[PDB]
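Encoded as C-alpha cells, the following chain is the form deposited in one PDB entry, with no partner shown.
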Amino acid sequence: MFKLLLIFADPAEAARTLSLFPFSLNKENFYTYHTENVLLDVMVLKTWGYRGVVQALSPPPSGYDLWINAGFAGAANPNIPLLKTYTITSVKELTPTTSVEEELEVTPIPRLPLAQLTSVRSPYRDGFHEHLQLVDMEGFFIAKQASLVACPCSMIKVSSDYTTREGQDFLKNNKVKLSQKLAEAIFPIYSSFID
C-alpha cells in the first residue's frame, strides 16, 4: 500500500485538491482518503492565526512513502509567466537580515518544468531580482522536516503573483484558479501509484 501525504500551507491552496476526492476528516483532525493500494492524506499548515507555528509538522509525520508540498509561489523574475505549474529542484531558506542561507535538493515530479525555490518568512514584495526564481514561505521548512523521517519530498508550485506591491492583487483575485492548477498537477501523480 502506497501512502502519500499532501501538505498545503493554507486552506486556499488546498481547496480544489480537497474537492477532487471524497475525503473524510479523521479523529486526528486532518483529511484522509483511501482506495485500491493508495492512502491519500492532506494536512494544512496554517488554518488559524496570523502565522504558522513550527508544531504544524513537528514531530514530523512518520510512515508515508512520499510527501508532496503543493502551493502558491511568487515570481521574482519577469520571465516566469503567471498561472504556470513548476516542480522544484532545490529549495533555499533565506534570512535577509544576515544573508545566511540553507539549501536542500528536492525530488522533481515527472513532466513538470523545473524551477528553483526560495523560502522567506515575510511575504516578498521588494521587487524583481536577478538571482531568484520562485519565492514561497513554507517549502524549505517542509523539505527539512521530511528529511527527519527519511521520506522523499517533492514540490509543486504555481506562479501566483509577481513579487511587487501592485502584483499582490492578482494573488488575492485568483486563488481558485491557482488552487485548481495545483489539483490538476496532483491528479496524474496519484493515478500513477495505483497498482
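Shifts are known only where both forms have a C-alpha. Quick note: we count residues from 1 along the sequence shown, nothing fancier. Here the rigid core means the biggest group of C-alpha atoms that line up within 1.5 Å when the two forms are laid on top of each other.
Separately, the form deposited in another entry exists; it is not shown, and the next lines address it.
With the core fitted between this form and the one not shown, just one of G49, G127, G63, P59 shows a Cα displacement of at least 2 Å, namely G49. With the core held fixed, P113 shows a CA shift below 2 Å between this form and the one not shown.
Remark: with the core as the superposition reference, the CA shift of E28 between this form and the one not shown reaches 2 Å or more. Taking the rigid core as fixed, one finds a CA shift for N79 smaller than 2 Å between this form and the one not shown. Relative to the displayed conformation, the Cα-Cα distance from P60 to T98 grows by 3 Å or more in the other entry. In the other entry, the CA atoms of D10 and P96 move apart by 3 angstroms or more relative to this form. Taking the core as fixed, the parts between this form and the one not shown where three or more residues in a row have CA shifts of 2 Å or more are 27 to 29, 46 to 53, 95 to 102.
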